[PDB]
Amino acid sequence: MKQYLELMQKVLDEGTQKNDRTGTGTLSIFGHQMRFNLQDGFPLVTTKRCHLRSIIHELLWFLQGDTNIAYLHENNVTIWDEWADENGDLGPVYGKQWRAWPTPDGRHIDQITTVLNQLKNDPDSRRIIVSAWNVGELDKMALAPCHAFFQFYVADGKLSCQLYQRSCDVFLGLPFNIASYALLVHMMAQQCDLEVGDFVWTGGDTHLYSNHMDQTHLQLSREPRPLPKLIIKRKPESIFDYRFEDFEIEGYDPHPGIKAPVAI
């Protein structure tokens, strides 16, 4: 899509050359922001084929708060395999913080229920926030949260959300990340009887890996196509009762997929 391709081009034109944790070099920029009016269509990249299966399962998995990959495995979703230990545990990553942020006094805070309580009883609140950046638990996590913190906003009967992504691989991760949060907004909006507003993506270290340059130029040579439409075939009794089959993408006609390998 337009916003995405503009960012890719920006990284190419303005990015500075610098490596990553003892590894592949990158071109990076710091601080960028894109806005997607969800009423204009579901923001699933069209300049390359993207699959939503893993994205949907991962989101349902996050919402359940259990950080063991068992559920992902039961559905043959392997995106977290390289980070899980022999027992399938990842430590207190995303889901754990979203649903059970541990306090110093022994309590566990359900931020998702909190946000829903706020959207229902105090929609104009300026602190409808969910943070996964639990400083005291970073060392126990298989990896530090990338999509670290998001905030909701309501105006004119529409639900908007802004995500702060501290680090972003523009080619591989960004499309996935945008789709994931767009889905969450639709789900939250359905549960609150609200229309969807804007999804605002804000990035920190936004980069392109040196070995994805040809892939980037190829995708930039393609014209974005009309965005698909997200359909939720059922209204669950709560944000925790959604099922994989409840989602359907309509009118998605992307260009062919583009493979982008990674170093180890």
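Under this definition, the rigid core comprises the largest set of C-alpha atoms superposing within 1.5 Å between the forms. The numbering used is simple: start at 1 and walk along the sequence shown.
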query	finding
Greatest C-alpha divergence in 4 other deposited structures of this protein once each structure is fitted on the rigid core, 247 to 255 or 20 to 28	20 to 28
RMS Cα shift after core superposition in 4 other deposited structures of this protein, winner of 158 to 166 and 74 to 82	74 to 82
170 to 178 set against 94 to 102, stretch whose average Cα temperature factor tops the other in the entry	170 to 178
20 to 28 or 241 to 249, whichever carries the higher mean Cα B-factor	20 to 28
Per the PDB entry, maximal CA B factor within 124, 193, 137, 110	193
Of the residues 206, 221, 64, 54, the one carrying the largest Cα B-factor as recorded	221
Chain thirds of CA B-factor: placement of residue 71	middle
Residue 119 CA temperature factor, ranked by third within the chain	middle
For residue 230, the third of its chain into which the C-alpha B factor falls	highest
Third of chain Cα B-factors occupied by residue 38	middle
Chain-relative CA temperature factor third for residue 213	highest
